[PDB]
Amino acid sequence: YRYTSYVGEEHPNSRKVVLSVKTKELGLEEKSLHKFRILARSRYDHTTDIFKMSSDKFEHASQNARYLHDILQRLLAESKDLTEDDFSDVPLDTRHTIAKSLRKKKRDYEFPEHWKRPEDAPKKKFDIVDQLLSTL
Amino acid sequence: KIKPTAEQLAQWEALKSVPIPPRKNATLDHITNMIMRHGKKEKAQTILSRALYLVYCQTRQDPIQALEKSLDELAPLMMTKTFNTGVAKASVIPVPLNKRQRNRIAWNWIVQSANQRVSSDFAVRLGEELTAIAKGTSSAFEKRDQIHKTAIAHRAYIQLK
Amino acid sequence: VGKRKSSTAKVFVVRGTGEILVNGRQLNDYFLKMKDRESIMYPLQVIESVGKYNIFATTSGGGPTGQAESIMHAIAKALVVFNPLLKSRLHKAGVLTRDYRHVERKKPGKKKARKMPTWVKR
Amino acid sequence: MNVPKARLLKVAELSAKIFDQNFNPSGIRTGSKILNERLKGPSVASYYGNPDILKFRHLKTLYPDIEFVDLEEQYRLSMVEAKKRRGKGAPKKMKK
Amino acid sequence: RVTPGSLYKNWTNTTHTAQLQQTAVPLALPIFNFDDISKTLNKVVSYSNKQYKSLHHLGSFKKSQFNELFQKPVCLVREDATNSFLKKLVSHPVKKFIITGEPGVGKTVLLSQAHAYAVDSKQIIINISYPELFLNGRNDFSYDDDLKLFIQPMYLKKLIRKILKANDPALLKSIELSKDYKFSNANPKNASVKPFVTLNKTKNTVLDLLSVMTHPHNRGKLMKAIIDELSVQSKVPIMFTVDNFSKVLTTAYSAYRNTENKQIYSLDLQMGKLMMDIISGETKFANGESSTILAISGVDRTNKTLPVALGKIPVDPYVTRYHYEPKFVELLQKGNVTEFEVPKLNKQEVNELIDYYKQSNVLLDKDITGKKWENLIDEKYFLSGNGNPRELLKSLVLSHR
RNA sequence: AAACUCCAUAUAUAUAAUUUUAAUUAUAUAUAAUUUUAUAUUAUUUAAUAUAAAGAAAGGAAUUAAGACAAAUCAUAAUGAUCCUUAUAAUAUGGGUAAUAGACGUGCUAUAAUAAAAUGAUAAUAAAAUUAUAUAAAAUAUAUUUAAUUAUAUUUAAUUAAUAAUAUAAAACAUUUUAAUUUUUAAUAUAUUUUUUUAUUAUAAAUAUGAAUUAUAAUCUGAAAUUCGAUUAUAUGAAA
Ligand SMILES: Nc1nc2c(ncn2[C@@H]2O[C@H](COP(=O)(O)OP(=O)(O)O)[C@@H](O)[C@H]2O)c(=O)[nH]1
Ligand SMILES: [Mg+2]
Ligand SMILES: [Mg+2]
Ligand SMILES: [Mg+2]
Ligand SMILES: [Mg+2]
Ligand SMILES: [Mg+2]
Ligand SMILES: [Mg+2]
Ligand SMILES: [Mg+2]
Ligand SMILES: [Mg+2]
Ligand SMILES: [Mg+2]
Ligand SMILES: [Mg+2]
Ligand SMILES: [Mg+2]
Ligand SMILES: [Mg+2]
Ligand SMILES: [Mg+2]
Ligand SMILES: [Mg+2]
Ligand SMILES: [Mg+2]
Ligand SMILES: [Mg+2]
Ligand SMILES: [Mg+2]
């Protein structure tokens, strides 16, 4: 739960609280985890296995945090139900994540490993005065 | 302490005799620029090279060289430039031309003569015109001849002589 | 690292047989205009070392022609390390000069940098 | 979209139930955007300033000891007096 | 205001259609044969006369290539690219390929080589170069009642003619028919006399069937019959090929409109459906050595379909019909299509090409005179993007920069 | 005036646990040039040209003096004099500032093939700037049988921000099409130009340019769109 506070000012964003969890770190079975992810929708990113959500609905920060916690608990309860509602056959919708990725830029490319030349690298040049000095 | 290696030195020596290679054929580049309009150089380049390809196909010999020759032929070596002449008769004088100016004059004529050809694509028209000039037929030549004749009249109107 | 206009090109030049990779893909795929490719080659062409050096370019910012120019600039600097005696030659060729040509800003009264709105004497 | 529609709708409804957000499958004008809009009134009201600000009147209230002088007011009074003197004073206001 | 001799077309069209191949040097090059690839493994090779005849009819040699540069269209054999593909074709049990690669790498050329090989080895070739013609709506069509699909009886006729002419008649007339066939007659002669044309089982031939000339509404029926006949026969191999198959994959719905104003699906047509059936394990040819060789074109659109069909990307279910058609993928999976990546040119191959071009006299004076040969080759390799043949060719000839 | 100044540039140092990452960056602090050196060739120890070797070394912005033009502003604001004080001061409802003969500037869009239009999802390539009087993502629905595109509606995920959104930049480049143009089409044959060729038949001054003007239907903002706003659709298709 990340809280924000503007020191001298009275910003209306001081009420904003943001819960954020890795979904694998939550105590869930695999079927329930998938269901939880489905329920999350846009809130769950799939590249980083992270689910976060922020609330600005209430006056105070503490209230907002409490509300977020309650939501999380409700989500968990829903995930652990499994009675006449599995969501085994609804694949993970990753459209929002791909849209976000498109908006940003990528530097996925790397230097080819077979192009490397360790033999052409500069070898350690012999410094005799330094060697003499190093008596420790 | 610099410490240049032997192989590097040998490579440098080998390089030394070779002159630095030119980044552009200058006359061609000039032509492409003249063709070009709205900073759309790539399109002008495509047009020019396509035309040169066509020319080559029609008559199998270096197209760039042929174009240069055509320019040399067509470009009038001097122009009868008009003057006010201290508020009197507008006494014309033959004036020598820079290489670009010479080839610029030639190109405009070439373009005009191409524009009389049939096709929709200008590049095709241009290529046909270039082939005709290589073979040896244009009103551009006649215009050049006329210019030269007009320059010949006014022999000693040149100032420094 | 080379720059031109808004472009920035970090380039890894290595002694292996001369192949190119611009920004994690093939050279002809990245730079469609042959002019840009020719420009990129030019530092390797002033030397007789196109084919000698593998080049892994990584560009960011600006447009294609400017990016290509920044890559070229970077390559010349990279080459300079392999043999310092050629540095003068590269400089003479005009590859070691960082091309300063910077986009002029729109001034207030003018429409563009220099383009003023029409004048009217009467 | 090989995945079925009804299932997706059900999932969306469930998600809506979990969070507070409403579930409108038909896509009818509910009026949600009228109320949900944050009301901007206090900020608008606070435009010109804090009306309770110290004035010259108060600088007599707070510090009676110090005989202050409001210069602009004094000038205005002097101008009024001058106008009265030279027959250019304000005409007496009608009451009716 | 136009003469017969003058060039009125646009550039690409002009280069294709105005014979500037006329003024070109004759070149005594070796001949392309798969049986003697060991001799000419990495050398430029002109095609045989018979191959050329067949290949032109099929539609292998295309407009945007630089086939105008030489007396006739020419390729080189490649150990990594063409030879390997040929070996795979020979060896594999399925014999079912899709030629993938980057734009200009030489997919068509590979197709042309495959066709030439098939011609050499006594095989019939049903080539569909440019499916755009049948897929895009620029020729007549009609909903047949017997066959529940839209026939296209201008394109179909042309395709039949190509089949007839590309292939030699001795190989084609070795095939007796399985069934009898009635067709509507459509000769200038015997119109009133012969209202119908009848082909018998044993007496008649596949050549005769091909030569039949009907009204538009029976043309699709004729085509169907021919395909069936070819499937049945085990005497000769049938090479089916479709180049620019990328267009087919992407253009799922044609430009044709049915009675109600909405677009007709590609599989609701005769030609596209037939093609799909051939691709998949459905219209199975009786003989072995009977292949389908598809080819992508960089010209056409790219999307998730073809990668998903092959072993490339996992199947995202949420991507749209426009960017991913699953039916086509399913069809591709059904008929086990093993893809073939065309590799880019090696340095040696590039050098060999450049040498050939020099011999033919395509190189410019600035390239040849006053320049080291190895250095020139290296520059060419650099400018092509490390051996894209088309790009290299463009740099060589269409540069003038 | 120049210079110091700012932007931009090159280099160095510092900082950033390289998940707020773009280190190919950002920002503080320096150093750097109004560049230097040498050989020659003309004119008189120097100054212009050329050549060479040393360097990343090449711009833009702000600053526009004195006086003058009784130049502009009392409608940013203030003040002198003067005039109005049941009115020349103050509030509401509507109308006007958008009226239209001719005329005058600035622009925008055009008058088609060295130029216009369709398309282009392992989404070709930017920068600068905005988002608590908000920015509005994904996705569903309708226009629209597929879907995409474009436009609305439905509903708000994320972020008050190097973190999310506005926003997959566009020309480019590539295939396709393009009337004027019997410079094409389609029926036959034809064939080693087959997304094509040849033969013989039939294909007879504003368009498949432009987008003014108008008709109807919807949508958006707002309490309200008649005078007098902005979109979308189906028609209308001047002039040039
Ligand atoms: N493999 C090969 N390709 C060649 C040869 N000669 C020319 N080519 C090129 O091969 C290209 C065909 O590539 P293709 O994959 O059909 O391009 P696409 O249509 O964009 O996919 C042509 O543009 C030719 O220039 C050759 O000898 N071998
Ligand atoms: Mg192709
Ligand atoms: Mg990083
Ligand atoms: Mg100053
Ligand atoms: Mg002054
Ligand atoms: Mg004044
Ligand atoms: Mg005045
Ligand atoms: Mg006053
Ligand atoms: Mg006034
Ligand atoms: Mg006032
Ligand atoms: Mg009043
Ligand atoms: Mg006004
Ligand atoms: Mg136009
Ligand atoms: Mg794009
Ligand atoms: Mg959206
Ligand atoms: Mg962002
Ligand atoms: Mg129009
Ligand atoms: Mg008119």
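Everything here concerns the structure above.
(A) A look at the protein's contact with RNA strand F. Close contacts around RNA strand F come from 132 residues, with B:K43, C:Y100, C:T118, D:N22 and D:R29 the closest. In RNA strand F, atoms within 4 Å of the protein come 67% from sugar and phosphate. For RNA strand F, a phosphate oxygen lies 2.8 Å from a polar atom in the side chain of C:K87. Between a phosphate oxygen of RNA strand F and a side-chain N or O atom of E:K157, the distance comes to 3.4 Å. Among the elements that take part in the surface near RNA strand F, helix 3 (residues 95–103) of chain A stands out by supplying 6 residues, more than any other. Grouping the amino acids of the surface near RNA strand F by side-chain chemistry returns 36 nonpolar, 42 polar and 54 charged.

(B) Region of interest: the interface of chain B and chain E. At the junction of the two partners, chain B supplies 26 residues and chain E supplies 28 residues. Both faces considered, chain B and chain E share a buried interface measuring about 2,400 Å² in area, 56% of it formed by carbon and sulfur atoms. Across the contact surface, chain B and chain E share 0 salt bridges. Secondary-structure elements contributing two or more residues to the side of chain B that touches chain E are helix 3 (41–58), helix 4 (63–74) and helix 6 (122–135) of chain B. The dominant element in the side of chain B that touches chain E, judged by the number of residues it contributes, is helix 3 of chain B, at 11 residues. For the side of chain B that touches chain E, the per-class residue count stands at 12 nonpolar, 7 polar and 7 charged.

(C) Representation of the environment of E:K122 within the structure. Residues and elements named next belong to chain E. Among the secondary structure elements, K122 is positioned in the loop between helix 4 (107–120) and strand 4 (124–129). Taking the relative accessible area as the measure of exposure, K122 reaches 41% and is therefore partly exposed. Counting along the chain gives 45 residues from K122 to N167, while the straight-line C-alpha distance between them is 9.2 Å. When residues no more than four places from it in sequence are discounted, the contact partners of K122 are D168, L171 and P237.

(D) Molecular detail of the site of ligand 1. Residues and elements named next belong to chain E. Around ligand 1 there are 16 residues in total, and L76, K107, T108, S297 and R390 lie nearest to it. Within the side chain of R78, a nitrogen or oxygen atom sits 3.5 Å from a nitrogen atom of ligand 1. At a separation of 3.2 Å, an oxygen atom of ligand 1 approaches a polar backbone atom of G106. Considered on its own, ligand 1 offers 600 Å² of accessible surface; in the complex 91% of this is hidden by protein. Elements with a minimum of two residues in the shell around ligand 1: strand 2 (74–76), helix 4 and helix 17 (389–397). When residues of the shell around ligand 1 are assigned to their parent elements, the largest contribution, 3 residues, is made by helix 4.

(E) Fine view of the packing of helix 2 (residues 26–35) of chain B against helix 5 (residues 99–115) of chain B. Residues and elements named next belong to chain B. Packing of helix 2 against helix 5 leaves a shortest axis separation of 11 Å and a crossing angle of 50 degrees. By the angle between their directions, the pair helix 2 and helix 5 is classed as oblique. For the pair helix 2 and helix 5, the crossing hand works out as right-handed. Contacts between helix 2 and helix 5 involve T27, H30, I31, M34 and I35 from the former and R100, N103, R104 and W107 from the latter. Classifying every residue of the contact of helix 2 with helix 5 by side-chain character gives 4 nonpolar, 3 polar and 2 charged.

(F) Up close: a positive patch on the surface. Residues and elements named next belong to chain E. The grouping of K53, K157, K158, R161 and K165 at the surface amounts to a positive patch. Take the positive patch: its biggest share by element is 4 residues, from helix 6 (residues 155–166). By secondary structure assignment, the location of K158 is in helix 6.

(G) Up close: the sheet that holds strand 3 (residues 50–55) of chain A. All names here are of chain A. Strand order in the open sheet made by the 3 strands is 1-2-3, with antiparallel pairing throughout. Both edges of this open sheet fall to strand 1 (2–3) and strand 3, since each of them pairs with a single strand only. As defined by bridge partners, strand 2 (residues 17–22) adjoins strand 3 across 6 bridges and the pair is classed as antiparallel. Residue pairing in the sheet places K22 in a bridge with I50 of strand 3. Here helix 2 (residues 61–79) sits on the sheet and contacts strand 1, strand 2 and strand 3; the angle it forms with strand 3, its principal contact strand, is near 140 degrees.

(H) Here's a closer look at the sheet that holds strand 4 (residues 54–60) of chain C. All names here are of chain C. An order of 1-2-4-3 is seen for the 4 strands of this open sheet, with the pairing classed as mixed. With partners counted over all chains shown, the strands left at the sheet margins are strand 1 (2–4) and strand 3 (20–22), one partner each. When strand polarity is set aside, the average angle formed by the axes of neighbouring strands in this sheet is 20 degrees. As judged from the 3 bridges shared by strand 1 and strand 2 (residues 7–14), these two strands associate in the antiparallel manner.

What counts and what doesn't
- Residues numbered from 1 in each chain as written, not as in the entry; some residues may be left out.
- Chains lettered and ligands numbered in written order.
- Part of a larger assembly, values for the part shown.
- Heavy atoms only, no water.
- Near = heavy atom within 4 Å.
- Polar contact = N/O pair within 3.5 Å; in protein donor to acceptor, adjacent residues only side chain to side chain.
- Helix = DSSP H or I, 4+ residues; strand = E, 2+ residues; numbered from the N terminus.
- Nonpolar A, V, L, I, M, F, W, Y, C, P; charged D, E, K, R; others polar.
- Contact = heavy atoms within 4.5 Å.
- Buried area = accessible area lost by both parts, 1.4 Å probe.
- Salt bridge = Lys/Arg side-chain N within 4 Å of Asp/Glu carboxyl O.
- Buried < 20%, exposed > 50% of the residue type's maximum accessible area, 1.4 Å probe, protein only.
- Areas by Shrake-Rupley, 256 points an atom, 1.4 Å probe, with all protein chains shown as cover.
- Axes fitted to C-alpha atoms, helices over the stretch in contact; angles between N-to-C directions.
- Parallel < 35°, antiparallel > 145°, perpendicular 65-115°, else oblique.
- Left-handed = near helix turned anticlockwise from the far one by under 90°.
- Patch = residues over 30% accessible without salt bridge, like charges linked within 9 Å, V, L, I, M, F, W, Y side chains within 5 Å.
- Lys, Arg positive; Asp, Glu negative; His and termini not counted.
- Charge placed at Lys NZ, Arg CZ, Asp CG, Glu CD.
- Pairing = 2+ DSSP bridges.

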